[PDB]
Every structure is written in structure tokens, then in C-alpha cells.
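J.: sequence plus experimental coordinates follow:
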Amino acid sequence: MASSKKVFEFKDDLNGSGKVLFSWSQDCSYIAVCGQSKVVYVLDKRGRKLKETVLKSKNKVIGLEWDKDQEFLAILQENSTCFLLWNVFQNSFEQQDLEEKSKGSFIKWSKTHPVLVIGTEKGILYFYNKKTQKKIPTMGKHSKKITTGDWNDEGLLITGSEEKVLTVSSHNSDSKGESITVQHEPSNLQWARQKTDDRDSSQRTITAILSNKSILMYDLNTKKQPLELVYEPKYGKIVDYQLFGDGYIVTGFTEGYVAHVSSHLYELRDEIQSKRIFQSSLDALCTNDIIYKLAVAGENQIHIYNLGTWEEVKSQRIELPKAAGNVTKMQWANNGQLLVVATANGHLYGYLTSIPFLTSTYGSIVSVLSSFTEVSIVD
């Protein structure tokens, strides 16, 4: 039994007390971290400083995302007039100016394509191609400030402003569908593969947070209207929702209330199950499929849970000090190799969970990596 080892601790002296953004490398080999202290630095899995860089402005970084090639990081600060592309291994700077002296509000790479989408308060949306470093502008897609947005695995942009609309964009900046009109504000855009009997479903389902109270569903197979999964008043205000499996949603609320619903459309109307986790407050919650683990942070304490049987895994419990406060971001890697915890106080924590050991066998002899500093041969 290997409990979650505390690999390293980092504080706000190099990040700054605020909303700390940590971004994973595409190969889970580099962890870039930046908070409010205008310093962006990358650490390894064991907690060694690799590359550090300084930003000219002191505004809070609202966007910090790697590229597909693990070469460039795009950074946009709070109401910044421009944005910065930083080459980590070259430690090089390039600055791209926002048109019309616009204040930046949203930037995002594509997790599958080297394309960077940028949007400001005026609703002007620019698509940036890195291979040619060219700009494609789009007018009037949003009549107000852009609030949420992201890129699909297939290369599809989703964007949502404060006027309660959703828009879809393609590689050639062609809109894929008209504006999506729903009762209230959509936020926290994410992609889901709905539970379809046929296993030929693409990654296109749009799952969002509706006005910090409900869940928004959108599908494209038969042009069904976006459905609003509402929650009982006992739930309160939503804190986070997470996708696990092939379309299964686990959502947590303010009073330690959790709800698991299968993304099956016939079963979406009624919650599949609901439970109570905490009785004082809740900070964060996320699920991982490769390691198949649920981590729930609250009261400066992180608990581990199963997803199928929902058994409370108390063995892998880890405790945080009172200085951590309310956790604001908490996430595994792409493969779940390491777990990173960041709060609004600038505290950074790293935990080792899985490290699946390699194993090769000769005749009747096998091997186990065990600790990374040695290898145990097994008879």
C-alpha cells in the first residue's frame, strides 16, 4: 500500500497569493505554474526548478496554456492589452498586440491543434495560426464580454459570453451552427461522449454549467435542443462537475452534496444517485479514469473515493494545513502520474499516486520497478 506521497511544497513567494494556474505538459513531464507574482516557472514531477520567466505586467494571469509541441506557452493577464508567447526551452519572448487596444479576457490553445483562440470584452474573436503566425478575425459572434471557451479533441471551438449564448467554430474559422440560446448563462465548457449503444460516437457533446446552478447538455446527432439538468434546492450553488467513463457526470455542490448521473439521455431527466460527502464546506472535486480515482478536497482535507461501488477509500487520505484554505484548482496529469493542488492563497502541493511500474518477464522470472531509484527482480 503506497499512500499519496507529498512530493514537494511550493508557496506564494514565487507564485503570489491569488488564483494560481498550473498547466500540464502534453507528456506529463513538465508542470508550468504561475500565480499573481508575475513569475512563471516550470517544475518536474519530483519538484526541481527547470525554467523560470518574468512577465512585464502585474495583472492576474487569466490564461496560461501550453502548445501541442510542448514548446510555447501562451499567457494572457487580467485586462491585458497584449498577450505573450514564451518559448520555455529557448526562454524566448514574443508579444502579440490585441486589436483596437482591447482588454484580453480569454485565450485557449487547441489540445489537438496548434491553434490559439483569443477573445476580448468587445466580442471580437481572433483565431491565431502558429505555423504561419496569422490572424483571422470574426465580428459579432458575441455582443458582450467572452466568459468561457475551449477547444474540442476534433478541433472544434466552443465559446460562451455573458449574454447567455454559445457559438461553435471550426478550423477555417467557419461557424458550425448558429448561436445557442438557453434560459441562462452557460459556463465551464467541456466535451462528453454521451452514453450511446453504438460505439461510433465522436467527442462532440457539450457539457456546461448553467448560471452556476444547473448543467447544460447539447448534442449534435439529431439536433436536440440543449437540455437543462436542474438540481434540488438542497444542493445549493454548484462548485464543480467532472466527467468520467464514457459519459458519466459526477457533480459536487457547496454543502458536500454529490450527484452521479449517467449521460444516457433517457436517464438524464432523473438523477441516478445522490450522496452527502461533507457537512461544513467543499473546495474541489475531480475524477480520473486511467487511475480510476476520485479526489475530493474540503476543510483542508483531501479524501479518495471509488466511482463504481462508491466506496470511501480512506487509505489514500492526505491532509492539508489550515493555511491552504479553500482549494481553487486541483487536478491530475493526462496519465494521472502526479496530482497538483493550488488554492487562492498561492499554496502549491504535489502528490504522487499511481506511477505504474514497468514489468518485463523472461522464463518464469519477472521484474517490478517499485521505487524509481531501484528495480526488484522477482522469482
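T.: Good, I have the coordinates. Residues are numbered from 1 along each chain as shown.
J.: what residue lies at the spatial centre of the chain?
T.: Geometric centre of the chain, nearest residue: residue 331, 7.3 Å, by Cα atoms, centre = their mean.
J.: partners of whichever strand or helix holds that residue, with directions?
T.: When elements are assigned from DSSP states H and E, residue 331 belongs to strand 327-332. Strand pairing for strand 327-332, determined by DSSP bridges: strand 338-343 (antiparallel).
J.: let me see the ranges of the strands in the stretch 251-379 of the chain.
T.: In the stretch 251-379 of the chain, the strands defined using DSSP state E, counting those that start in this stretch lie at 257-262, 273-276, 284-288, 293-298, 301-305, 312-319, 327-332, 338-343, 348-352, 366-368, 376-378.
J.: need these in TSV with distance to residue 3, can you?
T.: Where you see a C-beta, it was placed from the backbone N, CA and C, and this is true even at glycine. Converted to TSV, the strands of the stretch 251-379 of the chain look like this (distance: least, Cβ to Cβ, whole Å):
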stretch	distance to residue 3
strand 257-262	23
strand 273-276	24
strand 284-288	17
strand 293-298	13
strand 301-305	10
strand 312-319	6
strand 327-332	16
strand 338-343	12
strand 348-352	9
strand 366-368	18
strand 376-378	19
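J.: which of these sits closest to residue 169?
T.: Taking Cβ to Cβ, strand 327-332 is the member of the strands of the stretch 251-379 of the chain nearest to residue 169, at 25.6 Å.
J.: residue 338 is in contact with the residue nearest to the centre of the chain, correct?
T.: No - the pair residue 331 / residue 338 is not scored as a contact, 9.7 Å apart, by Cβ atoms under 8 Å.
J.: which neighbours do the two share?
T.: Common contact partners of residue 331 and residue 338 (Cβ atoms under 8 Å, 6 or more residues apart in numbering): none.
J.: quick one on the thing from earlier: how close does the residue nearest to the centre of the chain get to residue 158?
T.: Look at residue 331 and residue 158: by Cβ to Cβ, to the nearest Å, they are 20 Å apart.
J.: again with residue 277
T.: Taking Cβ to Cβ, one finds residue 277 at 30 Å from residue 158.
J.: more neighbours, those two?
T.: Legend: neighbour count by other Cβ atoms under 10 Å for residue 277 and residue 158, higher for residue 158 (24 against 18).
J.: what helix or strand does the more buried one sit in?
T.: strand 157-161.
J.: other residues contacting that strand?
T.: By Cβ under 8 Å, 6+ apart, the residues outside strand 157-161 that reach it are 106, 110, 117, 119, 123, 125, 127, 141-152, 166-170, 185-187, 189, 206, 208.
J.: what of stretch 5-21?
T.: Applying Cβ under 8 Å, 6+ apart, the contact partners of stretch 5-21 are 33-39, 41, 43, 45-47, 60-61, 63-64, 318, 328-329, 338, 342-352.
J.: any idea how many residues pack against residue 22?
T.: 22.
J.: quick one: it and residue 31 touch, right?
T.: Yes - taking Cβ under 8 Å as the definition, residue 22 is a contact partner of residue 31 at 6.0 Å.
J.: common neighbours of those two, please.
T.: Jointly contacting residue 22 and residue 31 under the rule Cβ under 8 Å, 6+ apart are residue 340.
J.: please report phi then psi for residue 103.
T.: With angles defined as degrees, to the nearest 10, residue 103 sits at phi -90, psi 120.
J.: ok, it - contacts?
T.: 79-81, 120-121.
J.: just residue 320 next, same as before
T.: Taking Cβ under 8 Å, 6+ apart, we find residue 320 in contact with 297, 300-302, 327, 341, 349.
J.: what does residue 214 give?
T.: Counting by Cβ under 8 Å, 6+ apart, residue 214 touches 184, 228-231, 238.
J.: ok, residue 90 to residue 23 distance?
T.: 18 Å.
J.: those two: which has the busier surroundings?
T.: residue 23 (20 against 10).
J.: how close does the more buried one sit to residue 288?
T.: Taken as Cβ to Cβ, the span from residue 23 to residue 288 is 17 Å.
J.: what's the answer for residue 163, then?
T.: Going from residue 163 to residue 288 by Cβ to Cβ gives 35 Å.
J.: do residue 175 as well
T.: The gap separating residue 175 from residue 288 is 34 Å, by Cβ to Cβ.
J.: returning to that earlier point: list only buried entries from the contacts of stretch 5-21.
T.: Buried residues within these, counting neighbours by 16 or more other Cβ atoms under 10 Å: 33-39, 41, 43, 45, 60-61, 63-64, 318, 328-329, 338, 342-352.
J.: separate out the buried members of the contacts of residue 214.
T.: 228-229, 231, 238.
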